[PDB]
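One file, work_23.txt, is given below (compact mmCIF, C-alpha atoms and all ligand atoms).
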```txt
# COMPACT_ATOMS: atom_id res chain seq x y z
CA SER A 1 47.63 26.32 114.41
CA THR A 2 44.84 27.12 116.85
CA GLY A 3 41.17 26.34 117.31
CA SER A 4 38.37 28.03 119.23
CA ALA A 5 34.86 26.66 119.76
CA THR A 6 31.89 27.73 121.81
CA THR A 7 30.58 25.23 124.36
CA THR A 8 26.91 25.45 125.37
CA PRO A 9 25.04 24.05 128.40
CA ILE A 10 22.62 21.28 127.46
CA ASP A 11 19.94 22.47 129.91
CA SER A 12 19.08 25.17 132.45
CA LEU A 13 21.16 23.47 135.18
CA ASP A 14 24.47 23.22 133.27
CA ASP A 15 24.29 19.43 133.59
CA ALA A 16 26.80 19.16 130.75
CA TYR A 17 28.17 21.23 127.89
CA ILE A 18 28.17 20.42 124.17
CA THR A 19 30.62 21.68 121.55
CA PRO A 20 30.13 21.29 117.78
CA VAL A 21 32.68 19.05 116.07
CA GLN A 22 33.06 18.52 112.32
CA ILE A 23 33.70 14.88 111.35
CA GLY A 24 34.33 13.58 107.85
CA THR A 25 34.10 14.90 104.31
CA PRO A 26 31.75 16.60 103.69
CA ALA A 27 31.58 17.63 107.33
CA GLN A 28 29.06 15.96 109.60
CA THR A 29 28.61 18.22 112.63
CA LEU A 30 27.95 16.45 115.92
CA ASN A 31 27.61 18.07 119.34
CA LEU A 32 30.08 16.34 121.64
CA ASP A 33 30.68 16.45 125.40
CA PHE A 34 34.33 17.45 125.83
CA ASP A 35 35.53 15.30 128.74
CA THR A 36 38.90 15.91 130.40
CA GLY A 37 38.22 12.79 132.48
CA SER A 38 38.31 10.27 129.61
CA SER A 39 40.28 9.61 126.45
CA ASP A 40 37.90 8.24 123.78
CA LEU A 41 36.26 10.23 120.99
CA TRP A 42 33.09 8.23 120.40
CA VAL A 43 29.91 9.08 118.53
CA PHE A 44 26.39 7.93 117.92
CA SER A 45 26.48 6.51 114.43
CA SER A 46 24.68 4.71 111.64
CA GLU A 47 25.91 1.54 113.40
CA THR A 48 24.25 2.30 116.75
CA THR A 49 21.46 -0.13 117.66
CA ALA A 50 18.36 1.69 116.45
CA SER A 51 16.39 1.29 119.70
CA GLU A 52 19.26 3.05 121.52
CA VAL A 53 19.11 6.20 119.37
CA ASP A 54 16.53 8.80 120.45
CA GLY A 55 17.07 12.16 118.78
CA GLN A 56 20.87 12.27 118.58
CA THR A 57 22.67 13.29 115.42
CA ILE A 58 24.60 10.34 114.02
CA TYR A 59 27.89 9.97 112.18
CA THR A 60 27.53 7.91 109.00
CA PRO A 61 31.04 6.85 107.91
CA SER A 62 29.80 5.52 104.56
CA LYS A 63 28.90 9.13 103.64
CA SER A 64 32.41 10.44 104.43
CA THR A 65 34.95 10.15 101.61
CA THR A 66 37.79 10.36 104.16
CA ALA A 67 36.53 7.68 106.56
CA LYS A 68 38.48 4.43 106.75
CA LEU A 69 37.63 1.43 108.92
CA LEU A 70 40.42 0.80 111.43
CA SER A 71 40.44 -2.90 110.77
CA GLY A 72 40.05 -5.13 113.81
CA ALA A 73 39.78 -2.28 116.28
CA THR A 74 37.08 -2.27 118.94
CA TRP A 75 36.38 -0.14 121.96
CA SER A 76 34.36 -0.41 125.14
CA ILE A 77 34.17 2.09 127.96
CA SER A 78 32.65 1.81 131.45
CA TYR A 79 32.31 5.29 133.18
CA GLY A 80 32.23 6.09 136.93
CA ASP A 81 28.37 6.33 136.96
CA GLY A 82 28.01 2.77 135.47
CA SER A 83 27.24 4.19 131.98
CA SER A 84 28.87 2.41 129.01
CA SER A 85 29.23 2.34 125.29
CA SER A 86 31.13 0.21 122.79
CA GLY A 87 31.69 -0.37 119.10
CA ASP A 88 34.19 -0.29 116.25
CA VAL A 89 36.56 2.39 114.97
CA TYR A 90 37.09 4.53 111.89
CA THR A 91 39.77 7.08 111.18
CA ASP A 92 38.54 10.35 109.71
CA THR A 93 39.18 14.07 109.59
CA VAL A 94 37.99 15.86 112.72
CA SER A 95 37.86 19.63 113.17
CA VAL A 96 37.12 21.65 116.30
CA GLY A 97 36.76 25.40 116.06
CA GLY A 98 38.87 25.57 112.90
CA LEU A 99 41.61 23.18 114.11
CA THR A 100 41.79 20.07 111.92
CA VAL A 101 43.27 16.64 112.68
CA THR A 102 43.52 14.06 109.93
CA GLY A 103 43.49 10.38 110.79
CA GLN A 104 41.70 10.86 114.11
CA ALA A 105 40.24 7.70 115.62
CA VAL A 106 36.46 8.14 115.63
CA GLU A 107 34.92 5.40 117.76
CA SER A 108 31.53 4.46 116.32
CA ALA A 109 29.02 3.22 118.89
CA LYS A 110 27.24 -0.02 118.24
CA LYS A 111 25.79 0.01 121.78
CA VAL A 112 25.23 2.77 124.31
CA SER A 113 23.67 2.77 127.83
CA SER A 114 20.37 4.44 128.82
CA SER A 115 22.05 7.64 130.24
CA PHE A 116 23.33 8.53 126.70
CA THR A 117 20.12 7.43 124.81
CA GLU A 118 17.93 9.51 127.23
CA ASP A 119 20.25 12.57 126.58
CA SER A 120 19.11 13.62 123.05
CA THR A 121 21.44 16.64 123.23
CA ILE A 122 24.75 14.73 123.45
CA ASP A 123 25.91 13.06 120.21
CA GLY A 124 29.04 11.56 121.78
CA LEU A 125 32.12 12.37 123.83
CA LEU A 126 35.48 13.90 122.94
CA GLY A 127 38.02 12.74 125.51
CA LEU A 128 40.76 15.12 126.64
CA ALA A 129 42.47 13.10 129.38
CA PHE A 130 45.76 11.32 128.65
CA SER A 131 45.85 8.83 125.79
CA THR A 132 46.97 6.05 128.15
CA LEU A 133 43.26 5.78 129.12
CA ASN A 134 42.04 5.25 125.54
CA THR A 135 40.10 1.99 125.30
CA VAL A 136 40.69 1.02 121.65
CA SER A 137 42.02 -2.52 121.30
CA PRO A 138 44.33 -4.00 120.17
CA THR A 139 46.02 -0.73 119.18
CA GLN A 140 45.39 2.12 121.60
CA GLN A 141 44.55 5.41 119.89
CA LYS A 142 45.46 9.04 120.60
CA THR A 143 43.11 11.78 121.70
CA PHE A 144 42.25 14.70 119.46
CA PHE A 145 44.51 16.91 121.58
CA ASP A 146 47.42 14.49 121.40
CA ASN A 147 47.10 14.31 117.61
CA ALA A 148 46.85 18.10 117.31
CA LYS A 149 49.55 18.98 119.83
CA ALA A 150 52.59 19.13 117.56
CA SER A 151 50.79 21.46 115.13
CA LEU A 152 49.48 23.81 117.81
CA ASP A 153 51.15 27.15 118.45
CA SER A 154 51.46 26.08 122.10
CA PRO A 155 50.68 22.56 123.43
CA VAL A 156 47.72 23.66 125.52
CA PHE A 157 43.95 23.81 125.57
CA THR A 158 41.76 25.94 127.83
CA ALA A 159 38.31 25.45 129.31
CA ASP A 160 36.20 28.53 130.03
CA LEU A 161 32.81 27.12 131.01
CA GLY A 162 29.91 29.49 131.60
CA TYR A 163 27.45 29.62 134.46
CA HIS A 164 24.03 29.26 132.84
CA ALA A 165 25.65 30.58 129.66
CA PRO A 166 27.92 29.46 126.82
CA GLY A 167 31.68 29.33 127.21
CA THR A 168 34.75 28.49 125.15
CA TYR A 169 37.27 25.73 124.50
CA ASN A 170 40.48 27.04 122.92
CA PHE A 171 43.30 24.95 121.50
CA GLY A 172 46.86 26.15 121.05
CA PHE A 173 46.72 29.57 122.72
CA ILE A 174 45.81 31.30 125.98
CA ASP A 175 43.28 34.14 125.51
CA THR A 176 44.65 36.74 127.92
CA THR A 177 41.39 38.72 127.71
CA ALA A 178 39.34 35.82 129.10
CA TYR A 179 40.41 36.01 132.75
CA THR A 180 41.25 38.49 135.48
CA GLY A 181 44.47 38.69 137.45
CA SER A 182 47.09 36.02 136.84
CA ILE A 183 46.97 32.30 136.08
CA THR A 184 48.36 30.13 138.88
CA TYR A 185 49.92 26.92 137.63
CA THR A 186 50.09 23.72 139.66
CA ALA A 187 51.68 20.32 139.20
CA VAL A 188 49.88 17.43 137.49
CA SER A 189 50.32 13.71 138.01
CA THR A 190 49.51 11.60 134.95
CA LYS A 191 49.93 8.30 136.83
CA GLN A 192 46.20 7.53 136.64
CA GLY A 193 45.76 9.06 133.17
CA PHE A 194 43.88 12.09 134.52
CA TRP A 195 44.62 15.80 134.95
CA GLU A 196 45.28 15.06 138.62
CA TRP A 197 46.44 17.87 140.91
CA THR A 198 46.47 18.86 144.59
CA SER A 199 44.35 21.74 145.85
CA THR A 200 45.83 23.60 148.82
CA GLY A 201 42.60 23.88 150.82
CA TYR A 202 39.15 25.36 151.06
CA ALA A 203 36.87 27.88 152.71
CA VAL A 204 33.10 27.90 153.24
CA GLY A 205 31.44 31.27 152.66
CA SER A 206 33.25 34.05 154.51
CA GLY A 207 34.91 31.54 156.83
CA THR A 208 38.60 31.04 157.39
CA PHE A 209 40.63 29.18 154.80
CA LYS A 210 41.59 25.65 155.85
CA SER A 211 45.01 24.69 154.51
CA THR A 212 44.86 21.01 153.60
CA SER A 213 45.98 19.02 150.56
CA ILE A 214 43.09 17.71 148.41
CA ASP A 215 44.18 15.48 145.53
CA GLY A 216 41.66 15.36 142.71
CA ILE A 217 41.07 15.57 138.98
CA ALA A 218 39.99 18.42 136.71
CA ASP A 219 37.06 16.79 134.90
CA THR A 220 34.91 18.77 132.48
CA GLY A 221 32.77 15.65 131.92
CA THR A 222 31.53 15.56 135.52
CA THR A 223 28.76 17.97 136.50
CA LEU A 224 29.38 18.39 140.23
CA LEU A 225 32.21 18.97 142.73
CA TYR A 226 33.03 15.74 144.64
CA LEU A 227 35.21 16.23 147.72
CA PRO A 228 36.05 14.39 150.95
CA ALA A 229 33.16 13.85 153.34
CA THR A 230 34.75 16.10 155.98
CA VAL A 231 34.88 19.04 153.55
CA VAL A 232 31.37 18.44 152.22
CA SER A 233 29.89 18.17 155.73
CA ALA A 234 31.57 21.46 156.69
CA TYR A 235 29.98 23.13 153.65
CA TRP A 236 26.42 21.87 154.13
CA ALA A 237 26.50 22.53 157.89
CA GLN A 238 26.28 26.22 156.91
CA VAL A 239 22.93 25.69 155.14
CA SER A 240 19.96 25.44 157.50
CA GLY A 241 18.01 22.27 156.83
CA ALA A 242 20.58 20.68 154.52
CA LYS A 243 21.13 16.95 155.00
CA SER A 244 22.51 13.92 153.25
CA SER A 245 19.69 11.79 151.87
CA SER A 246 20.51 8.15 151.16
CA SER A 247 17.28 7.81 149.18
CA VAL A 248 18.00 10.78 146.92
CA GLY A 249 21.71 9.98 146.68
CA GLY A 250 23.46 12.93 148.28
CA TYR A 251 23.08 16.24 150.04
CA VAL A 252 19.81 18.09 149.55
CA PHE A 253 18.80 21.45 150.92
CA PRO A 254 15.65 23.57 151.19
CA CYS A 255 15.03 25.37 147.93
CA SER A 256 14.31 28.51 150.01
CA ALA A 257 17.93 28.62 151.21
CA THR A 258 20.62 31.04 150.09
CA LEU A 259 23.79 29.03 149.57
CA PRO A 260 27.23 30.19 150.72
CA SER A 261 30.16 30.33 148.35
CA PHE A 262 32.90 27.70 148.37
CA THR A 263 36.57 28.60 147.85
CA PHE A 264 39.28 26.19 146.75
CA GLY A 265 43.01 26.79 146.78
CA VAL A 266 45.37 26.60 143.82
CA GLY A 267 48.79 27.16 145.30
CA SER A 268 48.54 30.49 147.09
CA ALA A 269 45.64 31.56 144.83
CA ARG A 270 41.94 31.13 145.55
CA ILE A 271 39.02 30.31 143.25
CA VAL A 272 35.60 31.31 144.59
CA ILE A 273 32.55 29.29 143.52
CA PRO A 274 29.48 31.51 144.12
CA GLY A 275 26.70 29.90 146.12
CA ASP A 276 24.31 30.03 143.16
CA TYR A 277 26.61 27.68 141.22
CA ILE A 278 25.97 25.01 143.89
CA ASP A 279 22.17 24.94 143.36
CA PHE A 280 21.05 22.08 141.10
CA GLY A 281 17.36 22.68 141.61
CA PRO A 282 14.44 20.59 142.78
CA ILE A 283 15.11 16.87 143.16
CA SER A 284 11.88 16.26 141.20
CA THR A 285 9.54 18.69 139.49
CA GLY A 286 7.69 20.78 142.05
CA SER A 287 9.72 19.63 145.04
CA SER A 288 10.97 22.12 147.63
CA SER A 289 14.03 19.92 148.23
CA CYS A 290 16.94 20.97 146.04
CA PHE A 291 20.00 18.95 145.04
CA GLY A 292 23.42 20.18 146.09
CA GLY A 293 26.31 20.81 143.73
CA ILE A 294 28.98 19.78 146.24
CA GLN A 295 28.81 16.08 147.12
CA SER A 296 30.96 13.51 148.88
CA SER A 297 33.57 11.60 146.91
CA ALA A 298 33.66 8.88 149.56
CA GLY A 299 32.09 6.25 147.27
CA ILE A 300 34.10 7.20 144.17
CA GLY A 301 37.72 6.65 145.16
CA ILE A 302 38.88 10.03 143.83
CA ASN A 303 38.00 13.68 144.34
CA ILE A 304 36.57 15.34 141.24
CA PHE A 305 36.75 19.05 140.37
CA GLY A 306 33.86 18.91 137.93
CA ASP A 307 31.97 21.65 136.17
CA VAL A 308 30.72 23.31 139.40
CA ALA A 309 34.35 24.12 140.24
CA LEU A 310 35.78 24.55 136.75
CA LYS A 311 33.11 27.01 135.60
CA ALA A 312 34.28 29.42 138.32
CA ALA A 313 37.69 29.62 136.62
CA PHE A 314 39.60 29.97 133.39
CA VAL A 315 41.45 26.65 133.28
CA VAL A 316 44.63 25.90 131.32
CA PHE A 317 45.40 22.28 130.44
CA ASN A 318 49.11 22.52 129.66
CA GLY A 319 50.18 19.45 127.69
CA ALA A 320 53.88 20.22 127.62
CA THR A 321 56.33 17.36 128.22
CA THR A 322 55.70 17.88 131.94
CA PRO A 323 51.99 18.73 132.06
CA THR A 324 50.58 21.33 134.44
CA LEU A 325 47.20 22.91 135.17
CA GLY A 326 46.54 26.64 135.41
CA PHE A 327 43.63 28.38 137.12
CA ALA A 328 42.59 32.03 136.95
CA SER A 329 39.59 33.90 138.23
CA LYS A 330 37.37 35.47 135.59
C1 LIG B 1 27.03 12.73 129.60
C2 LIG B 1 27.85 11.64 130.25
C3 LIG B 1 29.22 11.81 130.43
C4 LIG B 1 30.01 10.85 131.05
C5 LIG B 1 31.49 11.07 131.27
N1 LIG B 1 31.81 11.60 132.59
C6 LIG B 1 31.25 10.80 133.69
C7 LIG B 1 31.90 11.25 134.99
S1 LIG B 1 31.34 10.28 136.38
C8 LIG B 1 32.15 10.98 137.76
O1 LIG B 1 29.93 10.47 136.52
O2 LIG B 1 31.81 8.93 136.20
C9 LIG B 1 29.41 9.69 131.49
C10 LIG B 1 28.06 9.48 131.32
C11 LIG B 1 27.30 10.45 130.71
BR1 LIG B 1 25.44 10.13 130.52
```

Kindly return the structure encoded in the file as structure tokens.
Amino acid sequence: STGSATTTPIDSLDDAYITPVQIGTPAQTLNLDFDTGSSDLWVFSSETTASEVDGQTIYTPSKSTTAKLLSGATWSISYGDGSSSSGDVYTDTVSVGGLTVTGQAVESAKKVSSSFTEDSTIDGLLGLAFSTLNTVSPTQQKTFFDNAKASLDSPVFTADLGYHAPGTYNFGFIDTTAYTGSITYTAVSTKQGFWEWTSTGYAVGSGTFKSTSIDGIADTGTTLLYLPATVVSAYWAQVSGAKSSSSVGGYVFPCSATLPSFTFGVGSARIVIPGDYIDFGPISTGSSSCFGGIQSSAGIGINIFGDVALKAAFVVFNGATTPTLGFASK
């Protein structure tokens, strides 16, 4: 089997991408944030505290003839930004882009944090990291991809995120028309449950490539590119007037600036992020200070190749027995 679904930016900045997902019978379509940095499929639901729902589409398990309470199971997830959600668990039929999994754990939110409530466009998350990170207790549950894998033509999914435009998530096949040149594959460590890999270096603009190992994760659920402070300082030093602002929470730059590109290495291959992808617009409406798309990872504990980086590439998440990542230009 295969599946193919369009993923659409939630706003004009590509802050996140939403993909329609069919849950239950008859189908209830929710727009989920596909997140290769987490491993829970959770949704706003008829069980979510009413004051914490503000425009999201909800899953109502009582209206699905295929829903079954997973008795005793609960979940609770704290994310890197301090956001959280928690609740109980149903199994139900879940389809993405024509690919159907029966018996998928659908984690129904009883509580969500302000960052989700304030985001009327995101109806939940579909985790695509390794199932060892799934938070369901006392019986950990598998991700949608892990449940689908055996049925797929090939045990892979691909992320093709657009810049200020829709893109595609494919399951089970590699669309050879969706990228240019060749795909360069690189080793993955699953020891932290992430799609963790080592970039071979970077360049700023037309500058020379610096060969240096940068361990980080491929995370579709993170907006920006978070890298070591040395790398980030080298980038922003090429933008007149750019500075790190403790009050804003990262590097800002004059909105009148033209940003240089940023290149990252994948083995001997190079992925170029155009400068425009690094502009996240005014820090507040009307401001001439703009927020940068490359930020320091120093306070995180891990480097994160988020959407800013991934949208510059066609990315293969190869879930074979020994997983690997592939990157191609496009
Ligand atoms: C939309 C959304 C998604 C996620 C999942 N990824 C978060 C990545 S990080 C580096 O910020 O911890 C959390 C919160 C919201 Br709100």

**Message:** Counting all atoms listed in the file, which residues sit no farther than 6 Å from the position (17.1, 19.6, 146.4) in the file's frame? I'd like them as number ranges by chain.
**Reply:** A: 252-253, 281-283, 289-291

**Contacts of residue 264 (chain A) at 7 Å (all atoms listed in the file; same-chain gap of 6+ positions) as a VMD selection string** = chain A and resid 199 201 to 203 270 to 272

**Message:** Residues near region 42-54 of chain A, anyone? I mean within 8 Å using only C-alpha atoms, not counting same-chain ones fewer than 5 positions away, as number ranges by chain.
**Reply:** A: 32, 59-61, 106-114, 117-118, 120, 123-126

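Taking all atoms listed in the file into account, the residues that come within 7 Å of ligand LIG 1 (chain B) are residues 16, 33, 35, 37, 79, 80, 81, 83, 115, 116, 119, 122, 221 and 222 of chain A.
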
**Prompt:** Which is closest to residue 265 (chain A) among A:184, A:95, A:324, A:200, if we use all atoms listed in the file?
**Reply:** A:200

**Asked** Could you name the residues that touch residue 147 (chain A) at 10 Å or less, counting all atoms listed in the file, but leaving out those on the same chain fewer than 6 positions away, as number ranges by chain?
**Response** A: 100-105, 131, 141

**Request:** Would you please work out which residue, of A:186, A:151, A:4, A:62, is nearest to residue 96 (chain A) when using all atoms listed in the file?
**Result:**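 Result for the nearest residue to residue 96 (chain A): A:4.
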
Closest-contact table, region 181-236 of chain A side, partner region 315-320 of chain A, 12 Å, counting all atoms listed in the file, as CSV:
```
residue,atom,partner,partner_atom,distance
A:182,CA,A:315,CA,11.5
A:183,CA,A:316,CA,8.3
A:184,CA,A:316,CA,9.4
A:185,CA,A:316,CA,8.3
A:186,CA,A:318,CA,10.1
A:187,CA,A:318,CA,10.1
A:188,CA,A:318,CA,9.4
A:189,CA,A:319,CA,11.8
A:190,CA,A:319,CA,10.7
A:194,CA,A:317,CA,11.1
A:195,CA,A:317,CA,7.9
A:196,CA,A:317,CA,10.9
A:197,CA,A:317,CA,11.4
A:217,CA,A:317,CA,11.7
A:218,CA,A:315,CA,9.0
A:219,CA,A:315,CA,10.9
A:220,CA,A:315,CA,10.3
```

**Within 8 Å of residue 130 (chain A) using all atoms listed in the file, minus same-chain residues under 2 positions, as a ChimeraX atom specification** = /A:38-39,128,132-134,143,190,193-195

**Message:** When you count only C-alpha atoms, which of these residues is closest to residue 64 (chain A): A:36, A:176, A:84, A:28?
**Reply:**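 The shortest atom-to-atom distance to residue 64 (chain A) comes from A:28.
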
**Residue neighbourhood residue 308 (chain A), 12 Å, all atoms listed in the file, exclusion window fewer than 6 positions, as a ChimeraX atom specification** = /A:13-17,161-164,218-227,261-264,271-280,292-295

How would the residues just picked look written out with C-alpha atoms as an mmCIF file, in the coordinates of the input?
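See again.cif below for the written result:
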```cif
data_model
loop_
_atom_site.group_PDB
_atom_site.id
_atom_site.type_symbol
_atom_site.label_atom_id
_atom_site.label_comp_id
_atom_site.auth_asym_id
_atom_site.auth_seq_id
_atom_site.Cartn_x
_atom_site.Cartn_y
_atom_site.Cartn_z
ATOM 1 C CA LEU A 13 21.160 23.470 135.180
ATOM 2 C CA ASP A 14 24.470 23.220 133.270
ATOM 3 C CA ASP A 15 24.290 19.430 133.590
ATOM 4 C CA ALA A 16 26.800 19.160 130.750
ATOM 5 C CA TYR A 17 28.170 21.230 127.890
ATOM 6 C CA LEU A 161 32.810 27.120 131.010
ATOM 7 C CA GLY A 162 29.910 29.490 131.600
ATOM 8 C CA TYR A 163 27.450 29.620 134.460
ATOM 9 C CA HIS A 164 24.030 29.260 132.840
ATOM 10 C CA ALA A 218 39.990 18.420 136.710
ATOM 11 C CA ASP A 219 37.060 16.790 134.900
ATOM 12 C CA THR A 220 34.910 18.770 132.480
ATOM 13 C CA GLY A 221 32.770 15.650 131.920
ATOM 14 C CA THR A 222 31.530 15.560 135.520
ATOM 15 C CA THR A 223 28.760 17.970 136.500
ATOM 16 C CA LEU A 224 29.380 18.390 140.230
ATOM 17 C CA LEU A 225 32.210 18.970 142.730
ATOM 18 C CA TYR A 226 33.030 15.740 144.640
ATOM 19 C CA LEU A 227 35.210 16.230 147.720
ATOM 20 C CA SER A 261 30.160 30.330 148.350
ATOM 21 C CA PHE A 262 32.900 27.700 148.370
ATOM 22 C CA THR A 263 36.570 28.600 147.850
ATOM 23 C CA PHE A 264 39.280 26.190 146.750
ATOM 24 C CA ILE A 271 39.020 30.310 143.250
ATOM 25 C CA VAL A 272 35.600 31.310 144.590
ATOM 26 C CA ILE A 273 32.550 29.290 143.520
ATOM 27 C CA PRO A 274 29.480 31.510 144.120
ATOM 28 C CA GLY A 275 26.700 29.900 146.120
ATOM 29 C CA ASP A 276 24.310 30.030 143.160
ATOM 30 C CA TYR A 277 26.610 27.680 141.220
ATOM 31 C CA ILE A 278 25.970 25.010 143.890
ATOM 32 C CA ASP A 279 22.170 24.940 143.360
ATOM 33 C CA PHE A 280 21.050 22.080 141.100
ATOM 34 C CA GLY A 292 23.420 20.180 146.090
ATOM 35 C CA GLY A 293 26.310 20.810 143.730
ATOM 36 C CA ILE A 294 28.980 19.780 146.240
ATOM 37 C CA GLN A 295 28.810 16.080 147.120
#
```

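Shortest separation to residue 256 (chain A) among A:29, A:97, A:242, A:145 occurs at residue A:242, atoms counted being all atoms listed in the file.
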
**Å distance separating CA of residue 26 (chain A) from CA of residue 8 (chain A), one decimal place** = 23.9 Å

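In this structure, CA of residue 129 (chain A) sits 8.7 Å away from CA of residue 40 (chain A).
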
When you get a chance, write out N, CA, C and O atoms for region 3-14 of chain A, as a compact mmCIF listing (two decimals), keeping the file's coordinate frame.
```txt
# COMPACT_ATOMS: atom_id res chain seq x y z
N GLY A 3 42.60 26.48 117.50
CA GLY A 3 41.17 26.34 117.31
C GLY A 3 40.44 27.01 118.46
O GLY A 3 41.00 27.19 119.54
N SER A 4 39.20 27.40 118.20
CA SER A 4 38.37 28.03 119.23
C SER A 4 36.92 27.68 118.95
O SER A 4 36.42 27.95 117.86
N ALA A 5 36.25 27.07 119.92
CA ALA A 5 34.86 26.66 119.76
C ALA A 5 34.04 27.03 120.98
O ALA A 5 34.51 26.92 122.12
N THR A 6 32.82 27.45 120.73
CA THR A 6 31.89 27.73 121.81
C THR A 6 31.30 26.43 122.35
O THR A 6 30.95 25.54 121.58
N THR A 7 31.20 26.35 123.68
CA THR A 7 30.58 25.23 124.36
C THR A 7 29.32 25.73 125.08
O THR A 7 29.32 26.81 125.66
N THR A 8 28.24 24.96 124.99
CA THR A 8 26.91 25.45 125.37
C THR A 8 26.27 24.49 126.36
O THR A 8 26.29 23.27 126.13
N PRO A 9 25.71 24.97 127.48
CA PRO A 9 25.04 24.05 128.40
C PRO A 9 23.87 23.34 127.72
O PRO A 9 23.14 23.93 126.92
N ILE A 10 23.70 22.06 128.06
CA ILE A 10 22.62 21.28 127.46
C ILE A 10 21.25 21.59 128.05
O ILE A 10 20.24 21.25 127.44
N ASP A 11 21.20 22.22 129.22
CA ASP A 11 19.94 22.47 129.91
C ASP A 11 20.15 23.63 130.88
O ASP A 11 21.25 24.19 130.99
N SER A 12 19.08 24.00 131.58
CA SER A 12 19.08 25.17 132.45
C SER A 12 19.90 24.98 133.72
O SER A 12 20.10 25.96 134.45
N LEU A 13 20.38 23.77 133.99
CA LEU A 13 21.16 23.47 135.18
C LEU A 13 22.65 23.35 134.90
O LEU A 13 23.42 23.09 135.84
N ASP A 14 23.08 23.49 133.65
CA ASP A 14 24.47 23.22 133.27
C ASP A 14 24.85 21.78 133.58
O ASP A 14 25.95 21.51 134.07
```
